[PDB]
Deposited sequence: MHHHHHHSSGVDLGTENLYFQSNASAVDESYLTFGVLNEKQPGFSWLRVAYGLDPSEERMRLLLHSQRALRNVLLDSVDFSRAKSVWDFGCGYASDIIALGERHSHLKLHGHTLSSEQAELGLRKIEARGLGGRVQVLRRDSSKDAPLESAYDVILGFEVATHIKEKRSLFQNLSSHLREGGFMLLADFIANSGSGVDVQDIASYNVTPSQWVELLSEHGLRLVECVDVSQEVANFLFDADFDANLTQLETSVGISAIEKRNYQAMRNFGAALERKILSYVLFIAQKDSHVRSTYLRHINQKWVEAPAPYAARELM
């Protein structure tokens, strides 16, 4: 089961019989529920990717790329792009290589075993940097954002999907403003998808389905634990303890540091609700 089937998605309403886990693992045979799973996951990614004219981009850096599904998809869609992914796992980089070669993308899509908090990437200035739920797993956040912003083209896009702590490593609204502002990163938009991700994750039969999943399919103690966290994460979004937010930012060395903090505060504290889009 490709990692992309196990990502978050956005659902506008909870669907009474929907279980993301049963559908992703093919345990639910409903063709409509499968198309809903895939659509919701594509819709979440699209909030970020629809901002970028990739026909005018040359290079993309995913600084926590997993099994490289996102850069593989972009590389298949835009044949001219060079895409570089970072992972901390030597084996995960090997699995990503295998997927990349099997799709003929080996010439321009790479996965490197590099620590994005401290290891420079291949290119001096990327057009787009992607991070789907990576920054919250990284302790040295200023070291990370220094490395990211140093290797981002002026005017280049940084596209993040990450969490805000409203009260692993949780980041408060005021901390996000400073992390972005200190590194010359100007938000174009924040989009709050908290409730819609909570809707996607809500599974009234979750514990039953997770057990049923573990006898039918084979899932490791690691995988089981990871899915338990996703369920708990949905509950935290429901309770508004956390927010799940999409950040569309650009490198901007020409805005004043006080004005940069003004406009980043506007978007971090008053993100656009997802339900008001087209």
Need the unmodelled segments of the deposited chain, numbered from 1, in order. 1-26, 194-203, 315-316
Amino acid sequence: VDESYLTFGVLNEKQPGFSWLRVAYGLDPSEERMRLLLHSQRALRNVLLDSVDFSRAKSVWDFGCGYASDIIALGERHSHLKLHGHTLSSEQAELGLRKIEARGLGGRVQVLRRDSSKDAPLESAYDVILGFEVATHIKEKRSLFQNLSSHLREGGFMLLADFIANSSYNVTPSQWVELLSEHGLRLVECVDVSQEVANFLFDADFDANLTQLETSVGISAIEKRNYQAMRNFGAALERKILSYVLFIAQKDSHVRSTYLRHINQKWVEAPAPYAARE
From here on, numbers count along this sequence of modelled residues.
May I ask you to compare 266-274 and 5-13 by their mean CA B factor in the entry and name the higher one? 5-13
Residue stretch of maximal mean CA temperature factor, 72-80 vs 97-105: 97-105
Of the options 48, 229, 43, 37, which has the highest CA B factor as deposited? 229
Which has the highest CA B-factor per the PDB entry: 137, 142, 186, 151? 137
Taking the values exactly as deposited, rank residue 160 by C-alpha B-factor within its chain and report the matching third: lowest, middle or highest. lowest
Mind checking which third residue 25 falls in for C-alpha B-factor across the chain? highest
Using the temperature factors of the C-alpha atoms in this entry, rank residue 251 within its chain: lowest, middle or highest third. lowest
Relative to the other modelled residues of the same chain, rank the CA B-factor of residue 111 and answer lowest, middle or highest third. middle
How does the C-alpha B factor of residue 60 compare with the rest of the chain: lowest, middle or highest third? lowest
